[PDB]
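Chemist: A single structure is presented below for examination.
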Amino acid sequence: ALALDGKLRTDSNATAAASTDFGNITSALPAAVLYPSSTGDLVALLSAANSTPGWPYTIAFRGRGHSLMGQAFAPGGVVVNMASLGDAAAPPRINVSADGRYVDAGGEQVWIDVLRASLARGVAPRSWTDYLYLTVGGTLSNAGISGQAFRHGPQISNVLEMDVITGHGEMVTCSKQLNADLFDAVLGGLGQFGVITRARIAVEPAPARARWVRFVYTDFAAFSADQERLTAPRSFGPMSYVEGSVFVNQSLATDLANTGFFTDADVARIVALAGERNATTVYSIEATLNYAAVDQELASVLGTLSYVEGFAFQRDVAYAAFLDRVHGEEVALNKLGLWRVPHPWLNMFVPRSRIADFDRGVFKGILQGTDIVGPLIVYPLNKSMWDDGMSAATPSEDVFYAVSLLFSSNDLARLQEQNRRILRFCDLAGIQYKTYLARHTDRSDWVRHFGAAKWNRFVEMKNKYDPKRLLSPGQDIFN
Ligand SMILES: *Cc1cc2c(cc1C)nc1c(=O)[nH]c(=O)nc-1n2C[C@H](O)[C@H](O)[C@H](O)COP(=O)(O)OP(=O)(O)OC[C@H]1O[C@@H](n2cnc3c(N)ncnc32)[C@H](O)[C@@H]1O
Ligand SMILES: *[C@@H]1O[C@H](CO)[C@@H](O[C@@H]2O[C@H](CO)[C@@H](O)[C@H](O)[C@H]2NC(C)=O)[C@H](O)[C@H]1NC(C)=O
Ligand SMILES: CC(C)=CCNc1ncnc2[nH]cnc12
Ligand SMILES: *[C@@H]1O[C@H](CO)[C@@H](O)[C@H](O)[C@H]1NC(C)=O
Ligand SMILES: *[C@@H]1O[C@H](CO)[C@@H](O)[C@H](O)[C@H]1NC(C)=O
Ligand SMILES: *[C@@H]1O[C@H](CO)[C@@H](O)[C@H](O)[C@H]1NC(C)=O
């Protein structure tokens with residue numbers, strides 16, 4: 001039925017393209033790839049899967065395949081090429097509401113396109129990812145975090161409603177008011193319960209510009225205290241975005257230059273500072289203020305901080321240019337063949353009470369004396385802005401840190417071993433971290449990830465919405 005319409009492809013080129021991801025570490029060939037022209041095609045697949053005894057195929061939903069460890073694969077199954085839903089010129093897959101208070105976006109749509117459509121109506125989503133070439137459905141199946149999340153929550157806290165087709169092949173509209181169980185399950189739900197075909201995203205009046213600062217520290221305690229100050233509830237302070245980065249001594253000049261923020265003269269000044277202080281690690285807060293009034297507002301906030309005097313660095317850019325900053329980084333790295341490489345990324349949420357310990361063991365310990373390529377990102381988040389009824393798992397403390405160690409790769413085995421060593425350190429130290437963007441490979445690890453109560457809920461939702469255990473098998477939770 002679908003295959004004859006050219007939609008279900010089994011040819012080598014189709015299966016090969018759906019067999020690798022951004023991680024570039026694991027691969028798994030699907031039996032077939034669906035190229036749906038409409039949500040009707042997805043209903044048809046899931047309905048067939050639901051109603052057919054001896055249905056052979058697991059089903060994954062490939063967004064843009066930005067997964068690190070095969071989460072978007074369907075080994076010997078069917079991968080849905082979600083992008084196909086956006087092929088047709090009409091009808092539009094992104095609709096800003098009549099009053100401009102939300103934007104409807106297809107699950108397959110990339111956030112960069114949501115941005116552009118929103119800005120055309122003078123509005124924009126409030127909560128982002130660092131990198132915009134990711135799908136709406138993909139980030140919402142994880143959490144979606146960036147420097148705005150401290151004050152607006154992750155992207156999953158900025159969804160009004162969704163259309164989801166479940167593993168039963170039923171199209172369901174869900175929200176806090178209707179089918180809330182599915183709504184909560186799908187958000188951070190790792191593609192386990194159904195496919196998001198549309199999500200209603202909160203927007204705000206679009207700021208025109210961002211004053212964009214980097215502040216330099218040699219002292220982790222000062223660096224982290226200041227991040228916590230900037231992101232503390234008052235309602236929040238003036239900063240629109242707060243992240244941070246870590247720079248190890250061995251690759252200091254190189255890693256500073258690789259931010260794309262510091263000029264060569266800037267780098268030289270920071271290298272000189274680290275030298276005089278014999279610092280093994282340098283830290284930088286990255287913050288923005290969306291908008292002479294800016295000058296005074298910025299001066300007032302900076303006055304509350306304790307970065308090294310002389311080491312505030314400023315840029316002033318269009319809001320959209322700030323948001324899409326990493327696109328330029330990809331273009332540059334790709335030209336040098338340094339983008340499409342293995343990415344043994346380590347991402348976790350570390351409770352505030354143990355972040356100094358993590359710094360001691362990892363940044364001042366394990367990572368020392370290595371050539372680091374890729375950003376090491378660290379910044380606090382506020383639990384209050386997360387909904388613990390949703391599937392996403394976070395640490396128990398009111399404040400926890402996003403720690404994203406974005407290693408680019410004989411190097412791969414070394415980096416993989418290093419990541420195991422970091423996790424070993426955390427476990428031995430009794431740090432109650434949660435992984436993010438990682439898949440686990442046995443039951444006990446997944447149960448630990450969610451905790452007993454949330455796991456049991458996760459299973460209840462799985463039985464309700466995907467009883468055959470077909471969906472997103474690359475997460476290795478039920479497969
Ligand atoms: C590649 C990368 C990823 C990334 C990032 C920067 C880069 C260069 N920066 C991020 C950031 O700042 N903050 C953040 O939260 N995440 C960031 N990411 C990671 C990214 O969110 C994940 O890669 C995520 O998976 C989104 O990527 P993508 O849209 O390409 O989705 P996928 O990898 O193909 O699929 C992931 C899982 O979700 C299921 N899925 C996909 N679409 C749907 C829909 N529509 N409905 C239900 N489930 C869906 C897949 O089956 C798979 O399991
Ligand atoms: C954006 O809005 C348009 C309405 O203008 C939606 O287009 C309709 O979509 C349904 C099914 O998705 C079709 O049966 C109709 O024929 C379409 N109407 C028009 C006027 O073309 C579109 O679905 C919306 N997009 C999203 C993702 O919500
Ligand atoms: C959570 C996560 C994977 C964030 C990734 N962020 C980024 N990923 C790749 N390049 C970047 N440059 C700045 N931030 C970058
Ligand atoms: C990673 O990318 C390279 C191209 O540089 C490719 O040859 C290789 O097969 C990929 N590996 C995986 C597991 O995706
Ligand atoms: C799912 O399958 C069952 C048969 O066990 C059937 O009763 C139901 O109609 C199916 N739903 C859809 C939408 O295919
Ligand atoms: C920083 O690393 C360089 C080698 O790359 C070394 O010469 C220097 O001693 C290191 N600085 C400190 C204080 O660790």
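By order of appearance in the structure tokens: chains A, B, ..., then residues from 1 within every chain, and ligands from 1 in the order shown.
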Enumerate, as JSON, numbers by chain, the complete set of residues in region 76-140 of chain A that a backbone-based DSSP assignment places in helix (DSSP H, G or I).
Modeler: {"A": [82, 83, 84, 85, 86, 111, 112, 113, 114, 115, 116, 117, 118, 119, 136, 137, 138, 139, 140]}
Chemist: Ligand 3: which residues are within 7 Å, counting only C-alpha atoms and all ligand atoms? Reply as a PDB file with N, CA, C and O atoms, in the first residue's frame.
Modeler:
```pdb
ATOM      1  N   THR A 129      17.713  25.270  22.293  1.00  0.00           N
ATOM      2  CA  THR A 129      18.914  24.458  22.394  1.00  0.00           C
ATOM      3  C   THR A 129      20.065  25.305  21.861  1.00  0.00           C
ATOM      4  O   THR A 129      19.830  26.308  21.170  1.00  0.00           O
ATOM      5  N   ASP A 130      21.302  24.910  22.161  1.00  0.00           N
ATOM      6  CA  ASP A 130      22.475  25.653  21.697  1.00  0.00           C
ATOM      7  C   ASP A 130      22.576  25.660  20.185  1.00  0.00           C
ATOM      8  O   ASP A 130      23.113  26.594  19.609  1.00  0.00           O
ATOM      9  N   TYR A 131      22.066  24.593  19.576  1.00  0.00           N
ATOM     10  CA  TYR A 131      22.225  24.293  18.160  1.00  0.00           C
ATOM     11  C   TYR A 131      20.818  24.122  17.593  1.00  0.00           C
ATOM     12  O   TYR A 131      20.004  23.371  18.137  1.00  0.00           O
ATOM     13  N   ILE A 145      17.600  21.785  26.233  1.00  0.00           N
ATOM     14  CA  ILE A 145      18.192  22.725  27.193  1.00  0.00           C
ATOM     15  C   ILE A 145      19.168  23.686  26.535  1.00  0.00           C
ATOM     16  O   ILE A 145      19.887  23.325  25.601  1.00  0.00           O
ATOM     17  N   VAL A 326      25.942  28.564  16.549  1.00  0.00           N
ATOM     18  CA  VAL A 326      26.634  27.288  16.364  1.00  0.00           C
ATOM     19  C   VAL A 326      26.611  26.834  14.897  1.00  0.00           C
ATOM     20  O   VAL A 326      27.491  26.084  14.459  1.00  0.00           O
ATOM     21  N   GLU A 329      29.747  27.758  13.438  1.00  0.00           N
ATOM     22  CA  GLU A 329      30.778  26.870  13.974  1.00  0.00           C
ATOM     23  C   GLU A 329      30.822  25.564  13.175  1.00  0.00           C
ATOM     24  O   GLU A 329      31.901  25.101  12.804  1.00  0.00           O
ATOM     25  N   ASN A 347      27.085  13.817  28.534  1.00  0.00           N
ATOM     26  CA  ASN A 347      26.131  14.801  29.034  1.00  0.00           C
ATOM     27  C   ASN A 347      25.437  14.278  30.277  1.00  0.00           C
ATOM     28  O   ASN A 347      24.944  13.143  30.299  1.00  0.00           O
ATOM     29  N   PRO A 375      33.748  21.885  23.047  1.00  0.00           N
ATOM     30  CA  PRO A 375      33.446  22.642  24.268  1.00  0.00           C
ATOM     31  C   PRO A 375      33.155  21.755  25.476  1.00  0.00           C
ATOM     32  O   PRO A 375      32.638  20.642  25.336  1.00  0.00           O
ATOM     33  N   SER A 404      28.017  19.254  29.923  1.00  0.00           N
ATOM     34  CA  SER A 404      28.089  18.708  28.573  1.00  0.00           C
ATOM     35  C   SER A 404      29.515  18.765  28.056  1.00  0.00           C
ATOM     36  O   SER A 404      30.022  19.830  27.701  1.00  0.00           O
ATOM     37  N   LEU A 406      31.762  17.878  25.267  1.00  0.00           N
ATOM     38  CA  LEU A 406      31.489  17.597  23.861  1.00  0.00           C
ATOM     39  C   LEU A 406      32.747  17.222  23.090  1.00  0.00           C
ATOM     40  O   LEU A 406      33.173  17.928  22.175  1.00  0.00           O
TER      41      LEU A 406
END
```
Chemist: Would you list the contacts of residue 91 (chain A) as number ranges by chain, taking every protein, DNA or RNA residue within 12 Å and counting only C-alpha atoms, but skipping same-chain residues closer than 5 positions in sequence?
Modeler: A: 37-38, 85-86, 105-106
Chemist: Can you tell me which residues sit at most 9 Å away from ligand 6, counting only C-alpha atoms and all ligand atoms, written as an NGL selection string?
Modeler: :A and (248-252 or 274-281 or 368-369 or 371)
Chemist: If you count only C-alpha atoms, which residues fall within 10 Å of residue 96 (chain A), apart from same-chain ones fewer than 5 positions away, as number ranges by chain?
Modeler: A: 101-105, 114, 117-124, 200-201, 203
Chemist: Suppose you want the space between CA of residue 187 (chain A) and atom 6 (C, counted along the ligand's line) of ligand 2; what is it in Å?
Modeler: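 One can read the CA of residue 187 (chain A) to atom 6 (C, counted along the ligand's line) of ligand 2 distance as 23.3 Å.
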Chemist: If we count only C-alpha atoms, what is near region 59-70 of chain A at a cut-off of 9 Å, once residues fewer than 6 positions away on the same chain are taken out, given as a ChimeraX atom specification?
Modeler: /A:18-28,46,77-83,107-110,133-138,191,195,342-345,437-439,470-475
Chemist: Tell me, as a list in words, which residues lie within 8 Å of residue 359 (chain A), counting only C-alpha atoms; anything in the same chain fewer than 5 positions away does not count.
Modeler: residues 220, 364 and 365 of chain A
Chemist: Quick one: residues within 12 Å of residue 207 (chain A), only C-alpha atoms, excluding same-chain residues fewer than 5 positions away - as a PyMOL selection string?
Modeler: chain A and resi 118-119+122-126+240+288-291+317-323
Chemist: Any chance you can output those residues with C-alpha atoms as a JSON list (two decimals), in the first residue's frame?
Modeler:
```json
[["chain", "number", "residue", "atom", "x", "y", "z"],
["A", 118, "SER", "CA", 8.20, 33.17, 14.38],
["A", 119, "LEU", "CA", 10.39, 36.25, 13.72],
["A", 122, "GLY", "CA", 7.57, 39.52, 15.58],
["A", 123, "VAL", "CA", 7.73, 36.64, 18.07],
["A", 124, "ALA", "CA", 10.04, 33.78, 19.11],
["A", 125, "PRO", "CA", 10.15, 30.70, 21.38],
["A", 126, "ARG", "CA", 11.48, 31.42, 24.90],
["A", 240, "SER", "CA", 18.34, 36.26, 29.35],
["A", 288, "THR", "CA", 23.32, 37.67, 27.37],
["A", 289, "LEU", "CA", 20.92, 40.54, 27.93],
["A", 290, "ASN", "CA", 18.18, 40.74, 25.30],
["A", 291, "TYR", "CA", 16.84, 44.18, 24.37],
["A", 317, "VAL", "CA", 24.54, 41.13, 17.90],
["A", 318, "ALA", "CA", 21.11, 40.65, 16.38],
["A", 319, "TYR", "CA", 19.06, 38.20, 18.49],
["A", 320, "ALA", "CA", 18.76, 35.70, 15.61],
["A", 321, "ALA", "CA", 22.51, 35.79, 15.01],
["A", 322, "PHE", "CA", 23.13, 34.91, 18.66],
["A", 323, "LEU", "CA", 20.64, 32.02, 18.58]]
```
Chemist: Please write out the residues within 7 Å of ligand 5 as a ChimeraX atom specification, counting only C-alpha atoms and all ligand atoms.
Modeler: /A:47-48,50-51,168-170
Chemist: How close does region 323-426 of chain A get to region 450-456 of chain A? List, as a Markdown table, each residue of region 323-426 of chain A within 9 Å, its nearest atom pair and the distance in Å to one decimal, counting only C-alpha atoms.
Modeler:
```
| residue | atom | partner | partner_atom | distance |
| --- | --- | --- | --- | --- |
| A:388 | CA | A:454 | CA | 8.8 |
| A:389 | CA | A:454 | CA | 8.1 |
| A:390 | CA | A:454 | CA | 8.9 |
| A:391 | CA | A:454 | CA | 7.4 |
| A:392 | CA | A:450 | CA | 8.0 |
| A:393 | CA | A:450 | CA | 5.7 |
| A:394 | CA | A:450 | CA | 8.4 |
```
